[PDB]
Every structure is written in structure tokens, then in C-alpha cells.
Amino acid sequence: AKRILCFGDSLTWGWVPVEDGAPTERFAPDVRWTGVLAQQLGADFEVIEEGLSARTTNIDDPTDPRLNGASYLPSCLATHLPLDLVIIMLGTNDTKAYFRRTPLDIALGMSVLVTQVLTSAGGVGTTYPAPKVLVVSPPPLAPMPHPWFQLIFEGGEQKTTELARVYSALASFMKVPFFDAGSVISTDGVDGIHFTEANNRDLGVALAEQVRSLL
């Protein structure tokens, strides 16, 4: 089978949006989009789920040492070889107010991740090739009813509206494929951040189409 690694944040993990913000649980394996992707691709594909809630592209979060995507991705790639394609959907967490990042800064973080994929051939001690990479801008954020989410994401809705543009430009320069998740879904979870069951279905179906076309 061809092997597809989905690297991302809570949107990849499958965070169930709740009115009280947190804590929550994971969408069922056949409901979260990575599962819908697996189902739509079929049994000659294997999907590997590497979504970590709150993960950023390449910035340390002072509240939690686990969340720097670029710190983890090289080790993850070498763990999962052989791989055919890595889907990277990140950037939503980088738009939190405390990071004070512009859309460019976020695209630069994404560029680091893209380069990690492109330079991954061989892993540790193998003959395996580098996978391809698909850069995915997350859908724009929506208004958030929970006061804490409103606070931590101040300015974030605005910055997420620019990610499709800056990620498309980056992908074009780096000669790697791009897909805008916002082109097929809006962020419809009750919290303004996460995905509904239908959001997950629609993105999984859309990404299966992208994956088939790329391989």
C-alpha cells in the first residue's frame, strides 16, 4: 500500500468542539477526517495519524514544551518510512495572540516543515525515498463564544484568512503541491475553532481526491 502521513494539530487529531471550551474527546476513527481519508482512498493506502492538539509550525509555546512541530517532524518522518506523501495542515495555533506572528512568519514555519519532508530520504539507515508533501492551509477561524478562546485567539481570525494566500505562494516557490482546506469547508464547530462531523467528512473526501491525483 501507499503510505500517507497526516501531520497536524487538533484539527488533524480530531478535537470534538464543546461549548465549555475544554476538556474534550476525540472524534471516532471513522468520523475524524483522517479516517474519512482512509476510507475514501481504500485499502491500498495506509493513513498514519500524527495530529497533536495545540501544535504550531515551528515555534515553542511557553505553556507546553510538546507543541513545536518542527522539533518533532524529522523524528516522525524517520519513524514512519517508507512514506509516499505527507499532508501538513498547521498554522492555526501560530495565530494565537501571544505568538505575535504575521502570516509571513507562519508561512516561514511551514517552509521549515516542507524542507524537513523534502530532505527526509533515507531516514536512519535505509534506501527509502523522500515522500512528497502537500501543504494545506487550514480553514479560516470563526467567532468563538468561549471567553478564553476569544482571548487567546485575538487577531487570529484575521491572520487565518491570509494563510491560503501565503501558503500558496510558498508552495509555488518550493514546487510542491498546495490545497486550501478553506476552499471546501468553513470552520463550523460550536467553539469557532474545530470541525463538525460534516466538516470532517467534507475535508476527508476532498483530501482523498487530492492524494489520488498526486500519486
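For every residue, the number given is its place in the sequence shown, counted from 1.
Across the two stretches, 51 to 59 and 150 to 158, the PDB entry reports the greater mean Cα temperature factor for 150 to 158. Of the two segments examined, 93 to 101 and 139 to 147, it is 139 to 147 that shows the higher average Cα temperature factor in the deposited entry. Among the modelled residues of its chain, residue 45 has a C-alpha B-factor that falls in the highest third according to the deposited record. Among all modelled residues in this chain, the alpha-carbon of residue 192 has a temperature factor (C-alpha) in the middle third. Residue 11: CA B factor in the lowest third of modelled residues in this chain (values from the PDB entry). Compared with the other modelled residues of the chain, the Cα B-factor recorded for residue 77 ranks in the lowest third. Sort the modelled residues of the chain by CA B factor and residue 185 lands in the highest third.
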